[PDB]
Amino acid sequence: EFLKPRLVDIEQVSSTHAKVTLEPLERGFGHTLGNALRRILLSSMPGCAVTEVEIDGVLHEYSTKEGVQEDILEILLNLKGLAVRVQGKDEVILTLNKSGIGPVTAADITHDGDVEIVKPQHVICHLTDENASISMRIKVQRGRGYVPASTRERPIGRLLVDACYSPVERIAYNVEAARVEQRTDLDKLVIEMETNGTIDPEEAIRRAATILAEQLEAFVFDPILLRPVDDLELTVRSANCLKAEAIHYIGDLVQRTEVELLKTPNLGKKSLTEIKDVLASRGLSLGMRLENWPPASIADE
Amino acid sequence: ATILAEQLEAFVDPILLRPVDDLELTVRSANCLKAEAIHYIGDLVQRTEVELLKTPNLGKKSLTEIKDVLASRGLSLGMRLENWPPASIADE
Amino acid sequence: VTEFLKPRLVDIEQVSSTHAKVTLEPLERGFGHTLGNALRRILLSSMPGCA
Amino acid sequence: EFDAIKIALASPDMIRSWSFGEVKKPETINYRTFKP
Amino acid sequence: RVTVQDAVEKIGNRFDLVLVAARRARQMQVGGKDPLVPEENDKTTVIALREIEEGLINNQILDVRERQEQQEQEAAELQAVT
Amino acid sequence: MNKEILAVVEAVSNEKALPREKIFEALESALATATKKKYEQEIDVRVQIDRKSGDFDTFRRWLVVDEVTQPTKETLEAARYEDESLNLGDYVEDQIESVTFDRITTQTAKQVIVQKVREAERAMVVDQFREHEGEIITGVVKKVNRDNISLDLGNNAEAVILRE
Amino acid sequence: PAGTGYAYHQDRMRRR
Amino acid sequence: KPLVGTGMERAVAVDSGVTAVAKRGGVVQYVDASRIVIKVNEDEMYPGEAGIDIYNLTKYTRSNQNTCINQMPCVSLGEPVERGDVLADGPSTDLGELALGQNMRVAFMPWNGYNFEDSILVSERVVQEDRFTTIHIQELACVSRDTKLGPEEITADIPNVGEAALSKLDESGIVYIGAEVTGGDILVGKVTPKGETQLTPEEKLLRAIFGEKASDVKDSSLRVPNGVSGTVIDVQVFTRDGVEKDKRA
Amino acid sequence: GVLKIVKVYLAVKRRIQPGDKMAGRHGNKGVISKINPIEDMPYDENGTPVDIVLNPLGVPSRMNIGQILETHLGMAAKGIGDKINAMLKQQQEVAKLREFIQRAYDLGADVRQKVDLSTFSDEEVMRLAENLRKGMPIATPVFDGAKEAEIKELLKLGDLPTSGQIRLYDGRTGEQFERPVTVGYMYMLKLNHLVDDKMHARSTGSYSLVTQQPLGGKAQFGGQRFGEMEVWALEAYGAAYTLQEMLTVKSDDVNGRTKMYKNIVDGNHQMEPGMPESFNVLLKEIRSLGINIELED
Amino acid sequence: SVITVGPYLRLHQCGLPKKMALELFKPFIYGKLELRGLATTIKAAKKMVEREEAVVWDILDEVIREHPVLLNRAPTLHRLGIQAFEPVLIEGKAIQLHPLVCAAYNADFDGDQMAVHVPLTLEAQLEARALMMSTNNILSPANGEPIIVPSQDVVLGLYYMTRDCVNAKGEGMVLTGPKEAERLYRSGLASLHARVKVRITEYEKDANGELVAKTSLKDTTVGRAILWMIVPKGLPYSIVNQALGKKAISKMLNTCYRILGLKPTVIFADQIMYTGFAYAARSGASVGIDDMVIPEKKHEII
């Protein structure tokens with residue numbers, strides 16, 4: 001009869017980070033669930049980072065564009081730090097167009113019907129002339145962990161940035177003593193996370209518990225084919241249905257598909273039921289493929 | 001594992017609707033269609049390619065850009081709309 | 001994005017009936033320590049029994 | 001295959017027995033082509 | 001395989017161990033002879049030293065078996081001729 | 001030109017009665033179309049081959065239609081700019097290529113040019129079969145295959161005999 | 001003629 | 001930057017020659033990743049030669065130790081600058097200081113043996129932030145020499161190739177600017193001569209078609225040395241005078 | 001006799017990996033040995049993981065005690081930077097920023113700096129705090145530096161512990177390290193002795209011309225010199241066949257090594273020894289004098 | 001290539017990168033590929049390992065397995081500077097070298113480099129396993145002193161483990177074995193150095209090759225019982241009853257080699273290194289500015 005943890009209070013003290021609260025816990029389970037959920041949340045959570053950028057007049061990422069005071073490499077770093085939520089897609093392509101003196105903020109992206117920027121004050125670069133304009137296409141996709149560029153581009157105009165698909169930054173649990181509910185030696189687990197805005201905190205703790213309970217789910221020559229078709233316990237008609245196609249061993253029946261046997265009228269309706277009764281033991285007609293006759297255990301000696 | 005699992009059971013066409021300027025091609029390819037007062041690619045799909053070829057507002061390179069856009073078969077497929085809206089494009 | 005590698009215990013290489021050596025493979029990178037630590041603290045700290 | 005290594009002086013008959021032809025001219029190679 | 005200590009306990013020279021195990025591994029690898037201990041997909045070197053540790057192979061037994069399986073071949077040739 | 005276009009075509013031992021300009025175009029495609037696949041431009045190809053010089057060129061098509069699919073090879077209202085001179089259905093070519101098409105496969109002629117020479121030999125053997133198309137004829141079998149026997153005949157032509 | 005080769009040099013010195 | 005410096009960083013940065021020190025002070029007019037334009041103040045200015053200075057920065061180019069000697073502009077627009085002041089930071093500089101490496105959160109503790117003698121143990125948070133990711137530049141040269149049976153060919157037109165033999169080259173052998181290559185592709189295609197022999201009476205039609213008269217050739221194309229990736233950023237072609245310039249030159 | 005020169009500039013981007021050499025500014029070298037995940041790092045009772053875990057035992061023998069004072073003063077600098085980041089992230093007016101920056105710039109004995117922010121006019125102070133929010137730079141001249149009491153008084157201005165040592169939890173076990181450990185910021189340099197410039201391997205490459213032995217170096221695809229002292233170290237064991245193939249089959253004898261390559265790709269594992277060809281070169285060089293060297297029997 | 005530590009190794013094996021392993025073992029991989037029947041001519045195999053397909057890494061783990069390599073540090077002065085290991089493949093580009101073996105090579109890890117050599121023929125594989133293996137070189141040939149002495153982190157982990165303090169958690173409680181000594185250290189009920197009567201069973205081999213059990217209660221600490229769980233059978237308890245600096249752990253391994261022979265001394269050297277690294281990690285033994293205590297009497301002496 002262990003007391004079970006239930007989420008009690010989600011104090012969204014700022015826009016990035018929150019303090020979820022688990023109560024009650026028997027003594028010992030505080031540090032266990034704390035370290036466990038911390039390690040799951042830092043390890044593998046679904047983020048929504050960026051993969052490919054295609055600036056228009058840029059061949060390779062080491063060039064410079066006329067009219068922007070940062071290099072193309074610095075634009076790639078500033079786009080690598082982009083904090084973006086997607087809702088109903090695997091990957092998505094965002095479009096950016098901006099012209100005029102001043103910054104190119106992250107709110108200048110033509111947003112689609114489901115993509116949502118969570119920090120629109122994010123600077124990318126600075127345009128610095130009256131007719132000097134950038135026009136880029138950004139590719140944002142789901143993922144898990146850290147997928148760099150060296151592991152995973154076909155034209156020369158694509159630019160691959162690294163992909164840090166990770167929404168959280170800093171997970172800190174602080175166990176502490178629990179009051180009434182009329183029993184002492186109980187604990188409270190208070191987890192202050194640090195999100196970048198792309199993940200709801202109760203959704204984060206729910207996915208972490210689902211991942212951990214999925215991990216504990218781990219513990220919480222055929223003699224019928226070598227024998228003749230006539231040696232089967234069924235009647236002689238069931239054997240003769242297969243034998244009409246010049247088959248003498250059930251291994252030849254296992255070599256051919258059931259669909260290929262059903263495309264021949266030599267087998268009957270009752271022969272199909274007999275074949276189903278024979279295949280219920282799963283020793284024959286399991287959709288296998290042999291060399292011709294022999295398996296390795298069926299060797300010539 | 002049974003204890004730790006029992007301690008966790010309380011937890012566990014878009015191309016036609018888009019503007020002509022939003023296309024990946026250059027601004028001239030959009031401006032060739034936009035010279036006939038067209039802002040959405042649905043208006044380009046409402047008119048035939050033969051009707052666009054009978055107007056000199058489009059250029060020779062604009063024809064190649066239109067062919068490159070129609071290679072995806074999302075626009076200029078010879079369709080006819082009511083005016084703007086399909087049934088999926090409904091007002092709500 | 002949610003479907004990890006899910007393990008199963010490949011062998012229980014045991015000495016006499018009150019001692020064993022249970023392996024687990026394959027686990028996702030960094031999960032060997034969290035399952036070892038969770039099972040270690042639960043077994044070593046809080047089990048039901050009589051003495 | 002073989003025992004000890006023997007070292008001794010080289011007689012002019014021994015040096016003519018090593019040899020395969022008198023090297024006369026000092027001209028190394030053609031140098032404008034590839035032939036010697 | 002980690003240590004070869006008992007393979008020197010049974011052949012005291014520690015240099016004759018290398019000759020006997022090389023002769024044995026050359027008989028097992030190219031000559032196509034079966035190992036006298038059941039393997040675990042070990043290489044022929046470790047199977048040679050594993051036969052040394054059981055004691056069933058050293059230089060005496062190898063000379064006995066080469067003389068007997070040379071006399072067997074020449075006896076088969078002589079009984080085929082005459 | 002490379003100051004040699006009236007001599008290599010007229011070799012003319014084995015391909016005189018065979019098409020000379022087509023063999024010139026095929027050798028040009030081997031020296032070109034070999035390991036470049038040109039491009040993904042889904043359009044109708046047309047090679048234009050010369051008999052006198054031997055050299056050739058590669059033209060693209062435009063394929064006059066009343067339809068929109070195959071759009072790089074796709075009407076009459078567009079033919080009105082050509083003053084209606086195009087008719088419905090034609091394969092009227094209106095494009096070409098820029099000096100590339102396998103700026104590769106040069107010296108390698110033991111598999112490319114040898115491959116096209118083998119193709120020309122097969123074509124001429126089928127032309128030899130076209131002059132009789134079937135007849136009472138004898139042969140001498142040379143190879144022993146499974147349930148079929150390969151037969152050699154005169155003028156390098158061959159046959160096979162089926163077991164059934 | 002020291003290590004493993006001392007048996008080889010025993011053999012060669014014996015067979016002269 | 002160094003959090004714990006000695007104040008000697010500005011002497012080593014400014015008194016070297018990697019930063020773009022302002023000559024005459026004034027007001028910045030146009031900042032760009034390529035150039036910086038200073039408008040000279042009137043109390044520092046010559047009467048003639050009206051004068052607004054242009055600093056052409058040195059973008060990505062090769063150093064001697066195969067590092068990447070870059071210059072980044074660190075001034076805003078409309079910003080006043082004084083005489084004797086940094087405008088463009090150089091390699092390993094920041095705002096005119098001297099930033100060689102980076103400053104990181106360190107702890108002194110034995111951690112499970114992985115720092116046994118002198119070793120260092122680094123979190124993945126360091127490599128995720130792309131903060132030691134240094135940029136190197138290698139120069140690969142390919143000369144067109146002059147030998148017997150004739151001169152060489154740079155024209156990608158060569159044999160023994162594959163779609164993978166020249167799918168990144170242009171129509172004249174030299175790789176593109178921007179083509180991200182692997183270890184062992186072809187950058188410059190180069191064919192030389194071998195045997196002279198004579199003309200063959202087999203490829204007659206083909207010899208009329210191309211007009212080529214070699215006909216057999218070898219293969220000596222430049223390749224990326226086995227192991228290194230990269231992105232081709234800059235291609236130079238120098239031509240000894242008299243030789244026909246090809247289309248890419 | 002050259003027609004045209006083509007020069008191509010590849011631009012590799014080399015990141016970091018186990019095997020590179022990093023070092024501080026005091027002689028604390030080191031090959032980075034394992035690039036851990038984020039979770040395994042020792043964190044403190046705020047939540048932040050430490051980035052690099054050095055080894056303490058290099059300090060009392062290799063007497064560079066300056067790196068620990070640099071570590072404590074770097075933690076003081078970042079404590080002031082964190083307090084500026086806290087006073088600026090809460091969108092506070094310039095008065096409190098002026099107060100705290102003035103207190104962090106006075107802070108000492110008779111010093112040289114003596115700045116005042118009353119002549120910065122409310123817009124430079126915001127931009128100076130925009131530049132100080134990732135830490136506050138501190139100058140420490142060479143032999144007239146910051147003493148211990150000044151580091152303590154600057155660690156007292158931030159709310160850090162006085163001794164410089166925070167108690168740190170563990171990432172694996174999640175339970176506390178006893179006897180609280182030293183954290184701080186050290187300014188570490190990457191050196192250009194990388195590991196994918198030294199690593200090399202050779203099965204069978206090219207061979208030299210005058211003595212039929214493999215070439216030397218890495219750019220030339222070469223093999224490592226099995227030098228003279230290694231020959232002594234294999235004479236010192238009883239390894240005799242290892243040395244025979246180490247200087248006849250693997251190195252010099254050309255018919256021996258082609259027999260070896262056929263025997264290895266056929267599974268044989270056997271050497272036909274022969275003679276080093278460079279010994280025949282020694283015979284030709286001694287024989288090219290008036291000396292008559294031979295091979296008897 | 002450049003060396004690095006890798007302390008998970010057993011002392012007969014070293015880490016060797018996959019790229020170096022596929023380059024050094026090209027003919028063995030060619031022979032293995034030609035045996036299976038995947039390819040035909042030699043060219044096909046060289047294209048396969050030039051492309052590095054998905055099937056040659058299983059071929060590589062089947063040519064490595066029992067095939068030693070000669071690691072060699074570049075200034076080899078004595079014979080312990082060429083030692084033969086078994087490879088364990090490394091994702092990486094740096095040779096992982098077992099730490100105890102470093103004191104033989106005079107190899108720190110400040111930028112050092114080592115060469116690997118492959119014994120090709122069969123007599124050379126047997127010489128690498130039977131003469132030059134790293135388990136076989138545990139005594140320096142210049143004298144009788146062991147050369148696999150635990151060098152620096154591990155003696156700090158032991159010296160912090162087997163020590164004592166006059167008051168800790170669990171002072172003077174009594175424990176029924178070393179297993180619950182480690183269980184009291186892990187659960188959080190005692191300290192690593194807290195003096196305690198335990199009941200240990202030391203095996204003294206006083207007969208002619210027969211091990212006689214004697215069990216008794218030693219007034220010892222918690223850490224000495226935890227380190228007694230690793231000591232083999234024949235050594236007496238008084239080898240761990242002291243504080244275990246560096247001379248004491250060297251004569252511990254020396255008495256283990258003189259009594260129990262080679263194989264318990266190899267496995268006990270590895271268990272020493274593992275428990276030293278683990279409790280030095282648990283120790284958190286830093287260095288501070290306050291640790292160097294200035295004498296108050298120093299200024300009056302001056």
# chains A, B, ... in the order shown; residues from 1 in each chain; ligands from 1
>>> residues_around(residues="range 25-35 of chain C", least_positions_apart="2", cutoff="8 Å", atoms="only C-alpha atoms", output="mmCIF file with N, CA, C and O atoms, in the first residue's frame")
data_model
loop_
_atom_site.group_PDB
_atom_site.id
_atom_site.type_symbol
_atom_site.label_atom_id
_atom_site.label_comp_id
_atom_site.auth_asym_id
_atom_site.auth_seq_id
_atom_site.Cartn_x
_atom_site.Cartn_y
_atom_site.Cartn_z
ATOM 1 N N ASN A 35 15.604 11.976 -9.624
ATOM 2 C CA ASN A 35 16.716 11.702 -10.522
ATOM 3 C C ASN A 35 16.247 11.024 -11.796
ATOM 4 O O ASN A 35 16.761 11.335 -12.879
ATOM 5 N N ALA A 36 15.251 10.140 -11.699
ATOM 6 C CA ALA A 36 14.769 9.436 -12.873
ATOM 7 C C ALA A 36 14.101 10.384 -13.859
ATOM 8 O O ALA A 36 14.442 10.394 -15.045
ATOM 9 N N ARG A 39 16.599 12.776 -15.458
ATOM 10 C CA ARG A 39 17.449 12.193 -16.475
ATOM 11 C C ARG A 39 16.668 11.887 -17.748
ATOM 12 O O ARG A 39 17.215 12.018 -18.852
ATOM 13 N N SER A 43 17.359 13.834 -21.215
ATOM 14 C CA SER A 43 17.865 12.911 -22.223
ATOM 15 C C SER A 43 17.126 13.060 -23.542
ATOM 16 O O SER A 43 17.713 13.454 -24.555
ATOM 17 N N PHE C 4 11.382 4.268 -28.868
ATOM 18 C CA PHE C 4 12.799 4.058 -28.600
ATOM 19 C C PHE C 4 13.227 2.664 -29.026
ATOM 20 O O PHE C 4 12.521 1.945 -29.736
ATOM 21 N N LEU C 5 14.417 2.272 -28.587
ATOM 22 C CA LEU C 5 14.778 0.868 -28.535
ATOM 23 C C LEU C 5 14.247 0.290 -27.232
ATOM 24 O O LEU C 5 14.527 0.818 -26.153
ATOM 25 N N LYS C 6 13.463 -0.774 -27.333
ATOM 26 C CA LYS C 6 12.893 -1.414 -26.159
ATOM 27 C C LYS C 6 13.608 -2.726 -25.902
ATOM 28 O O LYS C 6 13.701 -3.560 -26.812
ATOM 29 N N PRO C 7 14.114 -2.954 -24.699
ATOM 30 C CA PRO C 7 14.955 -4.121 -24.450
ATOM 31 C C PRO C 7 14.136 -5.355 -24.088
ATOM 32 O O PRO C 7 12.917 -5.308 -23.931
ATOM 33 N N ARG C 8 14.847 -6.472 -23.980
ATOM 34 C CA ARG C 8 14.393 -7.631 -23.228
ATOM 35 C C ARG C 8 15.631 -8.288 -22.640
ATOM 36 O O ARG C 8 16.723 -8.187 -23.205
ATOM 37 N N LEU C 9 15.466 -8.912 -21.477
ATOM 38 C CA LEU C 9 16.605 -9.491 -20.773
ATOM 39 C C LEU C 9 17.110 -10.715 -21.525
ATOM 40 O O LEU C 9 16.346 -11.636 -21.826
ATOM 41 N N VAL C 10 18.392 -10.695 -21.881
ATOM 42 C CA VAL C 10 18.875 -11.678 -22.838
ATOM 43 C C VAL C 10 19.257 -12.979 -22.135
ATOM 44 O O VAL C 10 19.087 -14.065 -22.707
ATOM 45 N N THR C 23 21.241 -9.649 -17.023
ATOM 46 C CA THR C 23 21.659 -8.612 -17.953
ATOM 47 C C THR C 23 20.456 -8.045 -18.692
ATOM 48 O O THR C 23 19.368 -8.621 -18.690
ATOM 49 N N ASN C 37 19.893 2.602 -11.252
ATOM 50 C CA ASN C 37 19.734 3.398 -10.048
ATOM 51 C C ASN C 37 18.325 3.292 -9.487
ATOM 52 O O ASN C 37 18.160 3.220 -8.264
ATOM 53 N N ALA C 38 17.302 3.266 -10.351
ATOM 54 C CA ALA C 38 15.932 3.131 -9.862
ATOM 55 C C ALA C 38 15.708 1.776 -9.205
ATOM 56 O O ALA C 38 15.224 1.706 -8.066
ATOM 57 N N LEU C 39 16.098 0.691 -9.882
ATOM 58 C CA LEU C 39 15.954 -0.633 -9.292
ATOM 59 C C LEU C 39 16.852 -0.820 -8.076
ATOM 60 O O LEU C 39 16.443 -1.486 -7.117
ATOM 61 N N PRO I 37 27.335 12.713 -21.778
ATOM 62 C CA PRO I 37 26.047 13.386 -21.979
ATOM 63 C C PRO I 37 25.820 14.519 -20.993
ATOM 64 O O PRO I 37 26.655 14.766 -20.123
ATOM 65 N N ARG I 172 24.757 10.505 -12.133
ATOM 66 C CA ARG I 172 24.376 9.102 -12.233
ATOM 67 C C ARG I 172 23.522 8.682 -11.051
ATOM 68 O O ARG I 172 22.349 8.330 -11.203
ATOM 69 N N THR I 173 24.097 8.727 -9.856
ATOM 70 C CA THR I 173 23.401 8.248 -8.673
ATOM 71 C C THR I 173 22.358 9.240 -8.189
ATOM 72 O O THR I 173 21.371 8.838 -7.567
#
>>> closest_atom_pairs(of="chain I", to="chain C", cutoff="12 Å", atoms="only C-alpha atoms", output="Markdown table")
| residue | atom | partner | partner_atom | distance |
| --- | --- | --- | --- | --- |
| I:36 | CA | C:30 | CA | 9.7 |
| I:37 | CA | C:30 | CA | 7.7 |
| I:38 | CA | C:30 | CA | 9.8 |
| I:39 | CA | C:30 | CA | 8.1 |
| I:40 | CA | C:30 | CA | 8.3 |
| I:41 | CA | C:30 | CA | 12.0 |
| I:170 | CA | C:33 | CA | 11.9 |
| I:171 | CA | C:33 | CA | 9.4 |
| I:172 | CA | C:33 | CA | 6.1 |
| I:173 | CA | C:37 | CA | 6.2 |
| I:174 | CA | C:37 | CA | 8.6 |
| I:175 | CA | C:37 | CA | 10.5 |
>>> residues_around(residues="residue 229 in chain A", least_positions_apart="3", cutoff="6 Å", atoms="only C-alpha atoms", output="list in words")
residues 232, 239, 249 and 250 of chain A
>>> write_last_selection(atoms="N, CA and C atoms", output="JSON list (two decimals), in the first residue's frame")
[["chain", "number", "residue", "atom", "x", "y", "z"],
["A", 232, "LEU", "N", -0.33, -36.50, -42.70],
["A", 232, "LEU", "CA", -1.12, -35.60, -41.87],
["A", 232, "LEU", "C", -2.34, -36.31, -41.29],
["A", 239, "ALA", "N", -4.79, -34.02, -48.36],
["A", 239, "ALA", "CA", -3.47, -34.28, -48.92],
["A", 239, "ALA", "C", -3.50, -34.27, -50.44],
["A", 249, "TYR", "N", 5.90, -33.65, -50.28],
["A", 249, "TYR", "CA", 6.30, -33.25, -48.94],
["A", 249, "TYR", "C", 5.63, -31.92, -48.59],
["A", 250, "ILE", "N", 5.36, -31.71, -47.30],
["A", 250, "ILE", "CA", 4.74, -30.47, -46.85],
["A", 250, "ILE", "C", 5.72, -29.30, -46.92]]
>>> interface_residues(of="chain B", to="chain A", cutoff="7 Å", atoms="only C-alpha atoms", output="ChimeraX atom specification")
/B:1-2,5,7-8,10-12
>>> select_by_dssp(residues="range 85-151 of chain F", states="strand (DSSP E or B)", output="PyMOL selection string")
chain F and resi 95-96+140-145+148-151
>>> closest_atom_pairs(of="chain A", to="chain I", cutoff="9 Å", atoms="only C-alpha atoms", output="CSV")
residue,atom,partner,partner_atom,distance
A:31,CA,I:174,CA,7.1
A:32,CA,I:174,CA,8.1
A:34,CA,I:174,CA,8.4
A:35,CA,I:174,CA,5.6
A:36,CA,I:174,CA,8.7
A:38,CA,I:39,CA,8.0
A:39,CA,I:39,CA,5.8
A:40,CA,I:39,CA,8.8
A:42,CA,I:39,CA,6.3
A:43,CA,I:39,CA,7.0
A:62,CA,I:11,CA,8.4
A:169,CA,I:48,CA,8.8
A:170,CA,I:47,CA,5.9
A:171,CA,I:47,CA,6.1
A:172,CA,I:47,CA,4.6
A:173,CA,I:47,CA,7.9
A:174,CA,I:45,CA,8.0
A:192,CA,I:47,CA,8.7
A:193,CA,I:47,CA,9.0
>>> write_last_selection(atoms="N, CA and C atoms", output="compact mmCIF listing (two decimals), in the first residue's frame")
# COMPACT_ATOMS: atom_id res chain seq x y z
N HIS A 31 14.04 11.06 -4.08
CA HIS A 31 15.25 11.09 -4.89
C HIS A 31 15.19 10.15 -6.08
N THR A 32 14.49 9.03 -5.95
CA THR A 32 14.38 8.07 -7.06
C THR A 32 13.62 8.66 -8.23
N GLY A 34 12.86 11.78 -8.63
CA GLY A 34 13.50 13.02 -9.00
C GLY A 34 14.64 12.84 -9.97
N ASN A 35 15.60 11.98 -9.62
CA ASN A 35 16.72 11.70 -10.52
C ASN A 35 16.25 11.02 -11.80
N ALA A 36 15.25 10.14 -11.70
CA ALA A 36 14.77 9.44 -12.87
C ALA A 36 14.10 10.38 -13.86
N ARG A 38 14.39 13.68 -13.96
CA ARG A 38 15.39 14.62 -14.44
C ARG A 38 16.19 14.03 -15.59
N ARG A 39 16.60 12.78 -15.46
CA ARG A 39 17.45 12.19 -16.48
C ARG A 39 16.67 11.89 -17.75
N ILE A 40 15.38 11.56 -17.63
CA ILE A 40 14.56 11.38 -18.83
C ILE A 40 14.29 12.71 -19.52
N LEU A 42 16.09 15.53 -19.44
CA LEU A 42 17.27 16.02 -20.13
C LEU A 42 17.68 15.13 -21.28
N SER A 43 17.36 13.83 -21.21
CA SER A 43 17.87 12.91 -22.22
C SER A 43 17.13 13.06 -23.54
N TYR A 62 30.14 29.91 -46.17
CA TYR A 62 31.28 30.74 -45.84
C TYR A 62 31.33 32.03 -46.64
N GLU A 169 16.36 22.94 -20.72
CA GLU A 169 17.66 23.53 -20.46
C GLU A 169 18.24 23.13 -19.12
N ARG A 170 17.41 23.08 -18.09
CA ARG A 170 17.90 22.97 -16.72
C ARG A 170 16.74 22.38 -15.92
N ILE A 171 16.93 21.18 -15.40
CA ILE A 171 15.91 20.51 -14.62
C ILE A 171 16.46 20.35 -13.22
N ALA A 172 15.81 20.95 -12.23
CA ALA A 172 16.29 20.85 -10.85
C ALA A 172 15.14 20.45 -9.95
N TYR A 173 15.29 19.33 -9.27
CA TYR A 173 14.33 18.87 -8.28
C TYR A 173 14.84 19.21 -6.90
N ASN A 174 13.92 19.51 -5.99
CA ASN A 174 14.27 19.79 -4.60
C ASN A 174 13.27 19.06 -3.72
N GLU A 192 11.56 22.18 -10.66
CA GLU A 192 11.64 23.41 -11.45
C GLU A 192 12.35 23.05 -12.75
N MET A 193 11.62 23.08 -13.85
CA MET A 193 12.25 22.82 -15.13
C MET A 193 12.73 24.14 -15.72
>>> residues_around(residues="residue 138 in chain F", least_positions_apart="6", cutoff="10 Å", atoms="only C-alpha atoms", output="NGL selection string")
:F and (151-154)
>>> residues_around(residues="residue 146 in chain A", least_positions_apart="6", cutoff="7 Å", atoms="only C-alpha atoms", output="MDAnalysis selection string")
chainID A and resid 163:165
>>> atom_distance(atom1="CA of residue 58 in chain F", atom2="CA of residue 97 in chain F")
6.0 Å
>>> interface_residues(of="chain I", to="chain J", cutoff="7 Å", atoms="only C-alpha atoms", output="VMD selection string")
chain I and resid 18 to 19 21 29 to 31 33 56 68 to 69 177 to 179 181 to 182 195 to 196 198 to 203 224 229 to 230 233 236 to 239 241 to 242 264 to 267 269 to 271
>>> atom_distance(atom1="CA of residue 138 in chain H", atom2="CA of residue 230 in chain H")
9.0 Å
>>> interface_residues(of="chain I", to="chain H", cutoff="8 Å", atoms="only C-alpha atoms", output="ChimeraX atom specification")
/I:1-16,22,28-38,41,50-56,58,70-71,73-74,77,135-142,181-190
>>> residues_around(residues="residue 7 in chain G", least_positions_apart="2", cutoff="12 Å", atoms="only C-alpha atoms", output="PyMOL selection string")
(chain E and resi 13-20) or (chain G and resi 1-5+9-14) or (chain I and resi 238+240-241)
>>> residues_around(residues="residue 45 in chain C", least_positions_apart="3", cutoff="7 Å", atoms="only C-alpha atoms", output="list in words")
residues 28 of chain A; 41 and 42 of chain C; 187 of chain J
>>> write_last_selection(atoms="N, CA, C and O atoms", output="PDB file, in the first residue's frame")
ATOM      1  N   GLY A  28      12.311   7.812   0.349  1.00  0.00           N
ATOM      2  CA  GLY A  28      13.156   7.114  -0.588  1.00  0.00           C
ATOM      3  C   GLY A  28      12.750   7.334  -2.027  1.00  0.00           C
ATOM      4  O   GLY A  28      13.623   7.439  -2.897  1.00  0.00           O
TER       5      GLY A  28
ATOM      6  N   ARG C  41      17.827   1.582  -5.842  1.00  0.00           N
ATOM      7  CA  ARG C  41      17.279   2.275  -4.685  1.00  0.00           C
ATOM      8  C   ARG C  41      15.985   1.642  -4.202  1.00  0.00           C
ATOM      9  O   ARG C  41      15.754   1.595  -2.990  1.00  0.00           O
ATOM     10  N   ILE C  42      15.171   1.097  -5.106  1.00  0.00           N
ATOM     11  CA  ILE C  42      13.925   0.469  -4.679  1.00  0.00           C
ATOM     12  C   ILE C  42      14.195  -0.840  -3.945  1.00  0.00           C
ATOM     13  O   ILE C  42      13.612  -1.098  -2.885  1.00  0.00           O
TER      14      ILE C  42
ATOM     15  N   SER J 187      23.122   2.727   1.310  1.00  0.00           N
ATOM     16  CA  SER J 187      21.779   3.179   1.658  1.00  0.00           C
ATOM     17  C   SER J 187      21.805   4.541   2.336  1.00  0.00           C
ATOM     18  O   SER J 187      20.832   5.290   2.234  1.00  0.00           O
TER      19      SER J 187
END
>>> interface_residues(of="chain D", to="chain I", cutoff="12 Å", atoms="only C-alpha atoms", output="count of residues only")
19
>>> atom_distance(atom1="CA of residue 41 in chain A", atom2="CA of residue 196 in chain A")
13.2 Å
>>> select_by_dssp(residues="range 16-80 of chain E", states="helix (DSSP H, G or I)", output="JSON, numbers by chain")
{"E": [16, 17, 18, 19, 20, 21, 22, 23, 24, 25, 26, 27, 28, 29, 44, 45, 46, 47, 48, 49, 50, 51, 52, 53, 54, 59, 60, 61, 62, 63, 64, 65, 66, 67, 68, 69, 70, 71, 72, 73, 74, 75, 76, 77, 78, 79, 80]}
